[PDB]
Each structure stands twice: as structure tokens, then as C-alpha cells.
Amino acid sequence: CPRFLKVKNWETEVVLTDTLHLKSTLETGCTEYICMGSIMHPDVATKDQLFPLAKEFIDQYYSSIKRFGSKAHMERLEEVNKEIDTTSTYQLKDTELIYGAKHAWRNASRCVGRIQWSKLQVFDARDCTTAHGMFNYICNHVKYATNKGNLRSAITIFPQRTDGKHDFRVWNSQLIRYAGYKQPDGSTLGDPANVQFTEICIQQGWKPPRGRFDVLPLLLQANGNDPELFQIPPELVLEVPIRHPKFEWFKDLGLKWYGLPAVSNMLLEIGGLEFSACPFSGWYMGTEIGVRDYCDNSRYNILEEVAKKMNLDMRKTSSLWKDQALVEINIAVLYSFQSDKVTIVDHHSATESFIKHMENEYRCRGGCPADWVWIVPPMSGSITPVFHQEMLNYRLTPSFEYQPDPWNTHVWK
Amino acid sequence: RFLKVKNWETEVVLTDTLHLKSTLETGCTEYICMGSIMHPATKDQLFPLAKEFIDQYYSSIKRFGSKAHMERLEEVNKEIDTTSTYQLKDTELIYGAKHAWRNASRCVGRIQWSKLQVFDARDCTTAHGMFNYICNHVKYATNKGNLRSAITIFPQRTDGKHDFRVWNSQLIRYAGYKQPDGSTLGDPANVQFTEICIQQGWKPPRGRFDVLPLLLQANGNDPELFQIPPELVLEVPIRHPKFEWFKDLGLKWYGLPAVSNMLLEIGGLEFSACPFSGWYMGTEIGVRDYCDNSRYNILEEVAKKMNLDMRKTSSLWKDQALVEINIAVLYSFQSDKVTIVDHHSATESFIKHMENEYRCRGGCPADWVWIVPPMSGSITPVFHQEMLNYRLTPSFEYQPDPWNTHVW
Ligand code: HEM
Ligand code: HEM
Ligand SMILES: N#Cc1ccc(CCNCc2ccc3ccc(N)nc3c2)cc1
Ligand SMILES: N#Cc1ccc(CCNCc2ccc3ccc(N)nc3c2)cc1
Ligand SMILES: C[C@H](O)[C@H](O)[C@H]1CNc2nc(N)[nH]c(=O)c2N1
Ligand SMILES: C[C@H](O)[C@H](O)[C@H]1CNc2nc(N)[nH]c(=O)c2N1
Ligand SMILES: [Zn+2]
């Protein structure tokens, strides 16, 4: 690969030069002969695999604190190396853990919210041993992050993987999600995305209310044990009913959503250590709710019902009745959150902030990996600045990774 | 390996084998994806490229290894020897052009690929000849509003010093003017080309939607200006079916999108002049042409007429005015019986086309970044469709703007 790669913004004509890509650690799944940029996803580590990965990260850490090659650096390397030799693993210091978490976010090419990366509250839950404790740590996370509507981003990090048979896992895909129930007649009640997880919860003993917006219980696995159910205290679950500034009837749709998006099934990888349970949270971009959660056909799918109430001509697509309904729904979402003083960002502000963030990263870091397919918002793409912005995608570590759903791999005790 | 692609709405999984046939690079590597980057001869090189194309041509007509296949190959080799190049048969030219369209990863309109009217203009020698072929193209393709897809193919490149080039980026475009106050009148995307035409002697009406003259270069010579006969230029006045004030905006557009600056590559041969046309997807005009910042940039004016709250962005006033503009464009063209397609119909057709290509061809190269429409993305099926992108030949390639290469 060449040392410099340039990206252009076709709207402002700004050219940026990327050197950071040289530090790319893993495969994209693309090759010289095929691109996989629209593909969704294109037994532990050994001693000898782990030494270079740890050293890679420790060097990076001491470089960031302007202490590279120092006595402390060399001593840290020595300590880590001896630990790997005598335990087949090592323990990050609190500083390294915080650094690592923040940089995994900073490195998330698909995240448009990264201007905020350095402001992340890191909760160290490496002393956890049980599922009740995981629940305690998660309740505190939710309360702190929610902050009565003034949301603050956070992550809670559970003990790293050891032999792979003692993994800590949050089985929920987010800490807060709505149940989906498949009906005998083929119809789905609730959120069709969560039908499987809902069924698993019901099997472990959850008594479902069988409603449209039932907050799911936490299903938590500690130390490789069977997972346990806990109900989140409802006072900790901030929710927003959806209404519209102009349409009085919109409240009658009975919509609501939760304030706190909190992804809980990703793997955090730092210096070759694997944190299989690392629930993190920030706040919502409106389109995630107004376009995807609400208007996807395999989701709540409300376009038709909203369109009917708007009295739109729904017999021609070329009337763009879908597009019209889609805008209003996204207005109602933003209006509802702002009126209830719950943090949310519209897709224009967010993309504009990201362009600023990306430019700053090119200047101070030599680049900023970004996945245009994910960064561009699901509606009104070209009237946001990121549509016009060339991006380079590559994988830096520390990183957040996907992992198999735990029910697919768990050995029941 | 065989690769799978999934649609996340329908869970339909298709299997790609076609990608194994490509030999041109994408610009990506194992370590860096460049899917959002806009742009990532000798006898010696010439024959195998020619040989490959003949092979696939004769393999497509179920006569691979035939006497004619063998003879044609001999014929082509002997010709590259004795002339440093070769000439495509009519049949091959038509097949080549349809397949460049078919292999065009960014085109959402490819379900139409095999219905392409091919005009062979390889006997052209002068810019006057070019003008005549182009007038015939425009007239045939416009067809009183019932548009028909077409391509006109001018002589292939020889030495680079005798290129045929259409200097216009599209046969029909509007002028853009730099005003004394630093603002732009008309289409800002065309300000450079407009000044080149003015320098050449074109008398500008200096209005908002002035049809630019053709600038035609034959055989490496200086380009010549030509006025398209007005009666051949179909235009649509944009009005809204509910907002009776929308016509007051004075917006119009042309019916015929006819891209004229690309390069058609067939069997190693280079056609630097190959203007082609189909018809519009509404968003091209209603989202990009009208609402881009660097273009007509009408969003603000429209939202004012809609009396929207424009003090905060979270009112989505931009998004509202955008949908209304695009409704107007679709309504206007349809009311005037001018062929057009909305982005829901077009993306649906594409998903169907993809399925056809996987079934009969083992794949379909597709550029998600380009296929997904610039508005209402995830409420169209292509957003949720995984795609594989790879470069197959024959193809349409970009080429440098001719005013950067030409010595006068
Ligand atoms: C603070 C406000 C934040 C905003 C506005 C934001 C915005 C977004 C959005 C809109 C996506 C696309 C996801 C989708 O469409 O489903 C995304 C992806 C992602 N974000 Fe952020 N985010 C924020 C905070 C965070 C934080 C705190 C972290 C981790 C510490 C994070 C890590 C990620 C990762 C790893 C992805 C990729 C998800 C995937 O591949 O499935 N984000 N972000
Ligand atoms: C018949 C109706 C057609 C429709 C509705 C259609 C639609 C589109 C659209 C919306 C684009 C994106 C272009 C942009 O946003 O600037 C595109 C790209 C493209 N189309 Fe089609 N198209 C049609 C016909 C054709 C024909 C007849 C050809 C050639 C014979 C063709 C070849 C291409 C190529 C090469 C591109 C990529 C150009 C680039 O990379 O800049 N299309 N098409
Ligand atoms: N099928 C499927 C399928 C669809 C989406 C995803 C990824 C969803 N991740 C969403 C996500 C992740 C992190 C976020 C951080 C902040 C925020 N506001 N939203 C965030 C949203 C995976 C599988
Ligand atoms: N700067 C810039 C810049 C902007 C756009 C493009 C690509 C333009 N291609 C437009 C294009 C090409 C072929 C088409 C075929 C049919 C159709 N309806 N539209 C079509 C539109 C290149 C450079
Ligand atoms: C097929 C395609 O890769 C898939 O639908 C992607 C497209 N871009 C996305 N972008 C975001 N932000 N979130 C998503 O879930 C997706 N889905
Ligand atoms: C940077 C990015 O590749 C560029 O803006 C592309 C994005 N996708 C596009 N898609 C279409 N259909 N047309 C375009 O001009 C572009 N522009
Ligand atoms: Zn790629």
C-alpha cells in the first residue's frame, strides 16, 4: 500500500490526506478484485499470539501519554510479558482500560457520534463474579447514563475471557429493548426484531405481559454459568411517548420509545484481551427510531397507518406518500424527546458534527476510518454533508467486534 | 469461493460465482475499503483483451470453439499484427455496448440493459458528422416523451492524438454563470464548460435554464459549437399538484438524460465518444440537481413558500421541502407524458433484476453507495440488500475532461 491516501469532499472540495490507515490491523473482507462494503459481517488466544498484541497496545498507550520509550514504558512491557509467560494472559491497569475503551469507540468506523469519544465514563466491573453482581453493575450504569434525561455516554466492562468456558455475557442485544411475540395467526406483537430473545426469556421463566412495548428482562451470564433473569427497576427505564407538534391524532397511535440506547452484545478487544461483556451507551439519533425502529417493514412498520391518518393518496408510489409519512414520524420523534428534555440529536446536526470530527482527526491523528454505508443516515441522505464526503474504511485496534449469540454456543449446565 | 449476499428484509440469500470472472481492480485491499471513493495501448497488451472479449461473445451465443469463433480469432490477431488494432463486427459492437451497461455497478436501471438501441457512428470523420448523429440520437431517444434507451458510438481511439470527444458532460444541460457579486446564475456544476463555450463564441442568453450548445471534437481537432434544434429538446415545467404557487418558482428541467463524457471499453478498444441516454429517476433532478448545495440549491426558497419553521434543523424543514419538491417533479413529468421513474419503483425493479442476474448469470455487480437513492434510503428495498461490487468488461469508464489534455 502507498503511504498517502487522499479523500475528497465533493461538496466543499476539501481534500484530506490519510496516513493512519497504515496502522490497520485486520481484514475488511474486501480484496483487490471485490468490494464488500455493503456486507453486514464480512477457543482462546495462545501465549505467542498474545505477546505482540499486548506490546502493540502498550506502546500505543505510552505513545499517547508522551512517555514512549520511558522507564515506566519499558517496565510495563516487562511486567506484561512476564505475566503472559506465567499465566497465559495479563491484566490491564485502570488507565489502560479507560484508554482502551475510549479508543475502541474512537476506532468504530460505523459510528457517527465519535466527536464525543473522549467523554466516556468507564465503569470497571472486572471484580464481578455473579449474575446478581452483573445486575447491580448494570442498574448503576443505566441510572448514571440516563441522568434524568440528560444522558451521558458510559461503558461497564466485565471480566475478560480466560479459557472461553468462563465467559461473562449479556444475552440481551441492548440493555433496554421491547419484547416481540409471534402469534398463532402469523402476526407479530411488539418488536419483531426481538422475537427470538423474547422466546428464550419466556423459556427461562419470564412471565410476559404480552403487550406492544414490554421492556425485556435482563438475561445475564457470569463466569460461564447458565444465564439468570432479572427485572430492571421500572423507575430506571426512562421512556418518551411519541406525539406531533401539528397532528393531535399522532398521540392516538400509542407510540413510545426508550431514551437510552445501550448496546450489550458486542465484544471489546484491547491489546488482545477479550471483554465479551461490555455494555455501552450514548444517546439516540432521531432516525434510528423514526426511520428504522418505526418504519422498517420487519419492525414496527407504521408507515401505512400514519399515511392513512395523514389522508395521503396511497395507491401510487409516485405520490411519495411513504416519504411524506416518514418525515412527519421523524419530526414527532424529535419533538417528543426535546419536549421531555431527553437528549437526542437530529441527523443533520449529527452528520455535520461528524464532518467536523473527521476533519479534526485527519489533522491530529492522520485519519479517521469511516463506513459511509453506515454513517450516511437512512433518510434524506444527500442533504446531509456526509453523503458528499469520501471515506476510507479500515480496522484499528482497540475495537468493538461482533460475536456469536450466546445461546448458539452456551454449554448448558 | 462462492459468496453469499443477503437481503435483511426478506432473508433471501443469493450466491455469487460471477465475481470469479473479473480481472480488473476495485481499488480496495484486504486492509482498506474504498467503496465511497468516486474514482479509486499497445498491440502486445491488445490481443488477449481482444481474445477474452471474442471468447465471451462466442460463449454468449452458444458457439464457443466454433469454426467462426476460431476464424474470428485468427482474423483479429492478424489484424492487430498488421494494423496495431482491429475493428469490431456490428454484432460484437451491439453486444459490447449492452454488456457495458449490464456490467455498470452503479446503474439502478439495468433491468432494461438488453433493450438498447445501438447507433454505429464509426464512419464519422468531422464534428458536423457528429452533430448529425447526435441530432438523430436525441430525436430517436426523446420519441415525443416515450423515451427509448440509446447509444451512439463514434470511432475508437487510435493514437490518442485523434480522439473523438463530446465535450459536454450531457448532450442537454443548462448553463451556469458567474455573477459580478460572486453568486452563480443557472447550474453551478456547468460554469467551467459554459465559459469554454463563451470563449468559443457562444452568445449566452444569461438566463437560469439556458440549453448549452454542443461542443464537438472529431479526430483530435479543435471542438466546434453547434446549436441543438430547439424542437428536439423536450423540457418539463415543474409544478406541484397541491401547492398552486410552486409554478411561480419558475423551475423546469429537460426530459432526456444523455451522458456524453464517459469512455466505452470493448475488447481493449477505447470509444472516447459514446453518448448514451435512458430516462430519469426522479431523485436525480428533485434531490441532486435541485437541492444539492453546489447545484440549484432551492431547498431554502421552497421551505419559505411552505412557511416552515427554519430556525432549528430539528424541525426537518429541509426534509419536508425535499419530499414536496420530488412529488412536484414526478407529477410534472407524468402529467406531460414524459417517461420518468420514482425511486421506489426503480429500486424494486433493481431487486428483481438482481434476482434475474443471479439466476441466469451467477451474479450482478452492484455499488450500494450509488444504488441506494439520495432520499428515503431505508424505505426502499436496496438499502437492505447486501451487494457485491466488482469490475467486469465491457465497461463504462471515466476519462479526463478534454480541456485538460487538448492542445489547440
Ligand atoms: C454519544 C452518542 C452516540 C451517537 C449519536 C451514536 C450514533 C451511532 C449510530 C446512529 C450508529 C449506527 C447504528 C445503527 O444504525 O443501528 C452507531 C454505531 C456504532 N456506535 Fe455510536 N453513537 C453514540 C455513542 C456510542 C458509544 C458511547 C459507543 C461505545 C463506547 C459507540 C460505539 C458504536 C459502535 C461499535 C457502532 C457500530 C455498531 C454496529 O456495527 O452494529 N457509539 N453510532
Ligand atoms: C433506462 C433508464 C435508466 C435509469 C432509470 C438509470 C438510472 C441511473 C441512476 C439514477 C444512476 C446514478 C447516476 C447519478 O446519480 O448521477 C445511474 C448510473 C449509471 N448508468 Fe444508468 N439509468 C438508465 C439507463 C442507462 C443506460 C441506457 C446506460 C448505458 C447504456 C446506463 C449506464 C450507466 C452508467 C455507466 C452509470 C454510472 C455513471 C457513473 O459512474 O458516474 N444507464 N443510472
Ligand atoms: N439484522 C441486523 C442487525 C441490524 C443492526 C445491527 C447493529 C445495530 N447496532 C446499533 C447501535 C450500536 C451502537 C449505538 C450507539 C449509539 C446509538 N445512538 N445507537 C447505536 C446503535 C446488527 C444487526
Ligand atoms: N463532481 C462530480 C460528479 C458528480 C456525478 C458524477 C456521476 C454522474 N453520472 C450521471 C449519470 C450517468 C448515467 C445515467 C444514466 C441514466 C440516468 N437516468 N442518469 C444517469 C446519470 C460524476 C462526477
Ligand atoms: C445491506 C446493508 O449493508 C444494510 O442494510 C446496512 C446498510 N447501512 C446501515 N446503516 C446503519 N446506520 N445501520 C444499519 O443497520 C445499516 N444496515
Ligand atoms: C463520496 C461519495 O462516493 C459520493 O458523494 C457519491 C455517493 N453516492 C452517490 N450516488 C449516486 N447515485 N450519485 C452520486 O453522485 C453519488 N455520489
Ligand atoms: Zn471495499
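What's counted below: heavy atoms across the whole structure, side chains too, no hydrogens, waters or symmetry copies. Chain letters run A, B, ... following the sequence lines, proteins first and then strands; every chain starts at 1. Numbering of ligands and ligand atoms starts at 1, following listing order.
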Checklist entry - Between B:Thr29 and B:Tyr31, is there a donor-acceptor pair closer than 3.5 Å when you use the side chain of the first and the backbone of the second? => result yes
Next on the checklist: If you apply the rule side-chain contact (heavy atoms from CB on, under 4.5 Å), what do you find for B:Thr380 with B:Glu348, and how did you get there?
Outcome noted: CA-CA 8 Å; B:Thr380 70; B:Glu348 289 177 40; over 6 Å; no
Checklist entry - Counting distance only, does the side-chain N/O of A:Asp296 pair as donor-acceptor with the main-chain N or O of A:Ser298 below 3.5 Å? => result no
Next on the checklist: Checking A:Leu392 against B:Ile37 for the side-chain contact (heavy atoms from CB on, under 4.5 Å) test, could you report, in this order, the C-alpha distance in whole Å, the side-chain angles of both residues, the deciding distance, and whether it holds?
Outcome noted: CA-CA 8 Å; A:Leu392 292 170; B:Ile37 305 293; 4.2 Å; yes
Checklist entry - Just by distance, do the side chain of B:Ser36 and the backbone of A:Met391 share a donor-acceptor pair under 3.5 Å? => result yes
Checklist entry - Counting only N and O atoms by type, is there a donor-acceptor contact under 3.5 Å from the side chain of A:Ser382 to the main-chain atoms of A:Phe387? => result no
Item to check | Given B:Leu24, B:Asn103, B:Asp16, the one that forms side-chain contact (heavy atoms from CB on, under 4.5 Å) with B:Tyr390 | outcome: B:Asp16
Item to check | Mutual orientation of the aromatic rings belonging to B:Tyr280 and B:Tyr254 [parallel < 30°, tilted 30-60°, perpendicular > 60°] | outcome: tilted
Checklist entry - Can you pull the residues with any heavy atom under 4.0 Å from ligand 6? => result A:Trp372, A:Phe387, A:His388, A:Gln389, A:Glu390, B:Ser36, B:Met38, B:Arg288, B:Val369, B:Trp370
Checklist entry - Parallel, tilted or perpendicular: which describes the rings of A:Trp10 and B:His39, with under 30° parallel and over 60° perpendicular? => result perpendicular
Next on the checklist: Check whether B:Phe350 forms a cation-pi arrangement with B:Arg110 (NZ or CZ under 6.0 Å from the six-membered ring centre, at most 45° off the ring normal).
Outcome noted: no
Checklist entry - Is A:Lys6 salt-bridged to A:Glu390, cutoff N-O under 4.0 Å? => result no
Tabulated below should be the N or O atoms of ligand 3 paired with protein N or O atoms at under 3.5 Å; can you produce that?
residue: ligand 3; atom: 18 (N); partner: A:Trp283; partner atom: O; Å: 2.5
residue: ligand 3; atom: 18 (N); partner: A:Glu288; partner atom: OE2; Å: 2.8
residue: ligand 3; atom: 19 (N); partner: A:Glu288; partner atom: OE1; Å: 2.7
residue: ligand 3; atom: 19 (N); partner: A:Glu288; partner atom: OE2; Å: 3.3

Item to check | Check: B:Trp253 ring centroid to B:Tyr290 ring centroid under 6.0 Å | outcome: yes
Next on the checklist: I'd like to verify the contacts: list protein N, O or S atoms under a distance of 2.8 Å from the Zn ion (ligand 7).
Outcome noted: A:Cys30 SG, A:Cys35 SG, B:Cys28 SG, B:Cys33 SG
Checklist entry - side chain to side chain contact (heavy atoms under 4.5 Å, CB included) with A:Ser336: which residues, sequence neighbours excluded? => result A:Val240, A:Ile242, A:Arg243
